[PDB]
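A short worksheet on the structure shown next.
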Amino acid sequence: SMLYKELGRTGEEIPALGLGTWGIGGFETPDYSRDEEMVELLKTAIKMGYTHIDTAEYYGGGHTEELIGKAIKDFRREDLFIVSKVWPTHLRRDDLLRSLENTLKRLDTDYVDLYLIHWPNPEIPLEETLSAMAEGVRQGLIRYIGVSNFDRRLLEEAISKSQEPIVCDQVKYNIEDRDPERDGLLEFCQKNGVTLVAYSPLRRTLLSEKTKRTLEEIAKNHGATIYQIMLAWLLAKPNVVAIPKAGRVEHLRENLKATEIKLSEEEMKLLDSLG
Ligand SMILES: NC(=O)c1ccc[n+]([C@@H]2O[C@H](COP(=O)([O-])OP(=O)(O)OC[C@H]3O[C@@H](n4cnc5c(N)ncnc54)[C@H](OP(=O)(O)O)[C@@H]3O)[C@@H](O)[C@H]2O)c1
């Protein structure tokens, strides 16, 4: 079953595995050809306990949110934690509020639980963007705000310009990609009450031979796959949650079992040393 962790300093616990939705209903453009299959996969994921759903206005050109919108109707809205994101072309005040409105129309819901700046746009003042996001919070359209792909220095800047708390920073983090460690970002999050949300937590399964030999030994000792070990490694870290993409039932099932793996201190030190 699903491991839960506190989001930021909110007093609220969320599933420590999110459901990644990139690819569902298309990538950069809408793909309508598998809509029924995709809605059924989303429903199955949610029923298995994947109630934290990660999406974005860019995903499937808006169509990913539309498919999520159909799938969530089989459940109680308040039981779900839905994350969306505004694309860097839309970070000026009027464009952001329009993006938010359109995201809510596609999801067919009255609010998102978490709304993220998807990527920074250096041309648009952060204070403007964050003030627009606070308008959404004040109106009840957003519960919490956060950011994505912000290094430590830009997260610090956002925190200083934001009326609302920044509850998370969603960045790439996995057994080979250690930019958040080298940047001091993970330490900063852990010391300042910010959740680090690791996307591409399996590195899209593209790993080196050296990494693979270490993971194989640990996996064997736990009767697990190398990917379950990669997830357990992230989830062992304070303030870290992960968003795998699992477009099939086998991977949904496997990744959920990873939340039960208890890595030893020496296993953690060996894994830490692979980057
Ligand atoms: N904020 C951002 O800029 C940003 C950027 C990238 C991604 N994201 C979010 O993070 C999610 C994850 O990103 P990602 O797709 O790059 O990362 P990922 O989870 O590291 O890689 C996904 C790949 O791993 C496979 N997989 C999943 N579980 C597996 C298992 N147990 N065994 C073997 N293979 C497995 C999937 O295959 P199947 O699908 O066939 O199971 C898929 O090909 C995205 O959907 C998105 O929601 C956010």
Side-chain angles (χ1 to χ4, degrees), residues 14-28 34 37-38 41-42 44-45 48 50 52-60 63-65 67-68 81-91 103 107 112-121 145-151 154-155 158 166-177 179-180 185 195-207 211-212 215-216 219 222-235 240-261:
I14 61 168
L17 294 182
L19 185 70
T21 65
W22 170 246
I24 299 174
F27 294 83
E28 307 95 335
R34 303 181 164 281
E37 185 194 359
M38 288 300 99
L41 177 72
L42 287 167
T44 302
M48 293 169 57
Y50 287 90
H52 164 189
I53 303 167
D54 185 78
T55 197
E57 68 168 338
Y58 208 72
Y59 292 2
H63 187 51
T64 304
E65 286 171 333
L67 292 184
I68 296 162
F81 190 87
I82 303 179
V83 183
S84 195
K85 314 185 185 91
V86 51
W87 198 246
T89 56
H90 296 142
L91 301 188
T103 272
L107 285 173
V112 283
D113 297 276
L114 179 59
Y115 203 52
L116 306 186
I117 301 169
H118 201 154
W119 297 83
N121 183 341
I145 69 166
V147 300
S148 184
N149 295 300
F150 281 38
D151 66 14
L154 201 61
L155 174 61
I166 305 297
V167 302
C168 69
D169 188 5
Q170 181 177 139
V171 298
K172 189 163 65 161
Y173 188 34
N174 61 58
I175 198 70
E176 282 193 357
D177 298 330
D179 287 355
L185 176 62
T195 298
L196 190 147
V197 180
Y199 76 73
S200 300
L202 308 185
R203 199 167 187 278
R204 301 176 181 275
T205 83
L206 304 187
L207 303 163
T211 295
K212 277 188 153 154
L215 289 171
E216 275 153 22
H222 284 271
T225 73
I226 61 169
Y227 305 114
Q228 292 175 309
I229 299 304
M230 290 182 73
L231 289 176
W233 174 73
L234 282 166
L235 296 184
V240 176
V241 304
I243 314 302
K245 169 57 167 22
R248 60 221 308 180
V249 163
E250 180 181 26
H251 293 167
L252 291 168
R253 286 181 187 188
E254 191 175 299
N255 294 348
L256 195 46
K257 294 277 202 169
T259 68
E260 299 168 351
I261 297 175

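Counting convention: from 1, in listed order, for ligands and their atoms alike. Basis for what follows: all heavy atoms, side chains included, without hydrogens, waters or symmetry-related copies. Residue numbers start at 1 and run along the sequence shown.
Under the 3.5 Å distance criterion, the side-chain polar atoms of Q228 are left unmatched by any main-chain donor or acceptor of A219.
What sits closest to atom 46 (C) of ligand 1 on the protein, heavy atoms only, is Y59 OH, 3.4 Å. Looking only at protein heavy atoms, the nearest one to atom 44 (C) of ligand 1 is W22 CB, 3.9 Å. Scanning the protein heavy atoms around atom 6 (C) of ligand 1, the nearest turns out to be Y199 CD1, 3.2 Å. Remark: minimum distance from atom 12 (C) of ligand 1 to any protein heavy atom is reached at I243 O, 3.0 Å. Annotation: atom 20 (O) of ligand 1 to nearest protein heavy atom, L202 N, 2.8 Å. What sits closest to atom 24 (O) of ligand 1 on the protein, heavy atoms only, is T205 CG2, 3.5 Å. Of the protein's heavy atoms, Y227 CD1, 3.1 Å lies nearest to atom 32 (N) of ligand 1. Looking only at protein heavy atoms, the nearest one to atom 37 (O) of ligand 1 is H251 ND1, 3.6 Å.
Counting only heavy atoms, the protein gets under 4.0 Å from atom 28 (N) of ligand 1.
Between the side chains of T211 and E176, at least one donor-acceptor pair of N or O atoms lies under 3.5 Å. Side-chain atoms of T103 and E57 include no donor-acceptor pair closer than 3.5 Å.
Within the listing of ligand 1, atoms 3 (O) sit less than 4.0 angstrom from a heavy atom of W119. Atoms of ligand 1 found under 4.0 Å from any heavy atom of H118 (numbered from 1 in listed order, with element): 1 (N), 2 (C), 3 (O).
Taking the six-membered ring where the residue is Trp, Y58 and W87 present parallel rings, their angle staying beneath 30° rather than reaching 60°.
With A56, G247, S200, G20 as candidates, the residue nearest to atom 13 (O) of ligand 1 on a non-hydrogen basis is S200. With distances taken over non-hydrogen atoms, the option nearest atom 23 (C) of ligand 1 out of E250, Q170, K245 is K245.
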Using residues 243-253 as the side-chain source, report each donor-acceptor pair under 3.5 Å to any protein atom, sequence neighbours left out, with the distance given to one decimal.
none

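Backbone and side-chain nitrogen or oxygen atoms of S148 are examined, and one is located within less than 3.5 angstrom of a nitrogen or oxygen of ligand 1. Taking only nitrogen or oxygen atoms, main chain and side chain alike, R204 reaches within less than 3.5 Å of ligand 1. Among the atoms of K85, none of the N or O lies under 3.5 angstrom from an N or O of ligand 1.
With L155 as the partner, the side chain to side chain contact (heavy atoms under 4.5 Å, CB included) test is satisfied by one option alone out of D169, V171, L196: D169.
At least one heavy atom of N255 sits closer than 4.0 Å to an atom of ligand 1. The closest approach between any non-hydrogen atom of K172 and ligand 1 is not below 4.0 Å.
Take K172 and apply the side chain to side chain contact (heavy atoms under 4.5 Å, CB included) test, not counting sequence neighbours, and it matches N174, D177, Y199, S200.
Aromatic rings of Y173 and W233 (six-membered ring for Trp) have centroids within the 6.0 Å cut-off, being under it.
Side chains of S84 and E65 form a contact here, defined as non-hydrogen atoms less than 4.5 Å apart.
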Give the intermediate values and the outcome of side-chain contact (heavy atoms from CB on, under 4.5 Å) for residues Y50 and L256. CA-CA 9 Å; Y50 287 90; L256 195 46; 3.9 Å; yes
Checking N121 against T89 for the side-chain contact (heavy atoms from CB on, under 4.5 Å) test, could you report, in this order, the C-alpha distance in whole Å, the side-chain angles of both residues, the deciding distance, and whether it holds? CA-CA 7 Å; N121 183 341; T89 56; 5.9 Å; no
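With a 4.0 Å cut-off on non-hydrogen atoms, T21 touches ligand 1 through its backbone and not its side chain.
The line from OG1 of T21 to CG of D54 is 6.0 Å long, rounded to the nearest 0.5 Å.
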